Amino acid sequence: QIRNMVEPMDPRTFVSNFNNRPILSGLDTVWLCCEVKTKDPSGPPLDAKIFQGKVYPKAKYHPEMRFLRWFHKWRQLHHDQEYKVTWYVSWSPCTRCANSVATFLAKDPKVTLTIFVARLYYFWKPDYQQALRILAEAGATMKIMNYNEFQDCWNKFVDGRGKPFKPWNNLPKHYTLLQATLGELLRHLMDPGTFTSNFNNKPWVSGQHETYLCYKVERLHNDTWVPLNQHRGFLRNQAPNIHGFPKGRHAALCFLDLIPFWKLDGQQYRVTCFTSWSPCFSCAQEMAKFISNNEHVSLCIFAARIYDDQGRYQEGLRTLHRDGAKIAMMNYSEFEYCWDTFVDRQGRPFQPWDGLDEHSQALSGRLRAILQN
């Protein structure tokens, strides 16, 4: 078992180093817990290790490089076969480790690697974004640690003495910010079936209530709105879960959460979202509050369909429009733009669904009527 393959770390070492607050000073060591398995995930791993290394000053002693040196020797001592490796790392890799690991994976197709990260290190710096993309392109699967992964790491690698994992405050909030940020910098694209199913604007017939939201940012420069290529991406609502958001978190709120995290300066910005459902009353109230607090940020909301929340949704849309948000129903040009920009389309052009224009006209008339009452 893993407990006999590693010396489990002190619980305080784990809790302090794997806390997932995205902005965290004082944590000058990187920790890496790993499992080496066969192609078959069943059974215990072949081996498991804990590595650590100081962030500064020598990247050669970061735990990713210690892992590489260990793994080379270990493979010499065991009969060769394909390996699936999993890492739980407290900080995501620096540019040097990202490139070294990418080189290693690109030269060795017998090894595949999954990296779960507690926090993103310098996620806002383009050299780090680029190096994480290089690592992804070499085949590494990179994900943010969520509750299940912290619990698994606790059970396997920590001297918990039979006590269960206890989540810290704001674990889910931190997770959602980091997962959106990682999707941004890896340039994740939406599945085309997912897009077409969720943005079709005919009367909704599925029992599912889910909201997908694409977003982008423009900056005002010499009276012209210019693109800001950094903060562009998509997200969806978080369904309720007692270990996540117990009452869920709607897509509009996750979107709003991202804007302060971007640390926009004092210039004028226009933030646009393309959401498959118009916001419910709660979401519209929160967006109105945001507008009240961020004068330099102009909000533009394009919706595929109008969501009747069985409540005060019309009042929410009216309040948003009155407070200066642009609210409009998506037309052909917005659907095509989202297909071209946010969707994993693999060179294929946008193919409109039947009735797109007719549905857009009827929805736009309904939105006009709501805004005029």
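One-based numbering along the sequence shown.
Asker: Please work out which of 342-350 and 300-308 has the higher mean CA B-factor as recorded in the PDB entry.
Answerer: Higher mean C-alpha B-factor in the PDB entry: 342-350.
Asker: With reference to the PDB entry, specify whether the mean Cα temperature factor is higher for 47-55 or for 325-333.
Answerer: Averaged over C-alpha atoms, the B-factors run higher in 325-333.
Asker: Hey, out of 90, 200, 268, 86, whose CA B-factor is highest in the deposited coordinates?
Answerer: Answer, based on the entry's C-alpha B-factors: 268.
Asker: If you check the C-alpha B-factor for each of 106, 178, 111, 98 in the entry, which is highest?
Answerer: Max CA B-factor in the entry, restricted to 106, 178, 111, 98: 106.
Asker: Looking at the C-alpha B-factor of residue 212, is it in the lowest, middle or highest third of its chain?
Answerer: CA B-factor rank for residue 212: lowest third.
Asker: Relative to the other modelled residues of the same chain, rank the CA B-factor of residue 152 and answer lowest, middle or highest third.
Answerer: Lowest third of the chain for residue 152's C-alpha B-factor.
Asker: What third of the chain does residue 194 rank in for C-alpha temperature factor, lowest, middle or highest?
Answerer: Lowest third - that is where residue 194 ends up once the chain's C-alpha B-factors are sorted.
Asker: According to the PDB entry, is the CA B factor of residue 37 in the bottom, middle or top third of its chain, that is, lowest, middle or highest?
Answerer: Its C-alpha B-factor, which the entry lists for residue 37, ranks in the middle third among residues of this chain.
Asker: Is residue 183 in the lowest, middle or highest third of its chain when residues are ranked by C-alpha B-factor?
Answerer: It belongs to the middle third of the chain when residues are ordered by C-alpha B-factor.
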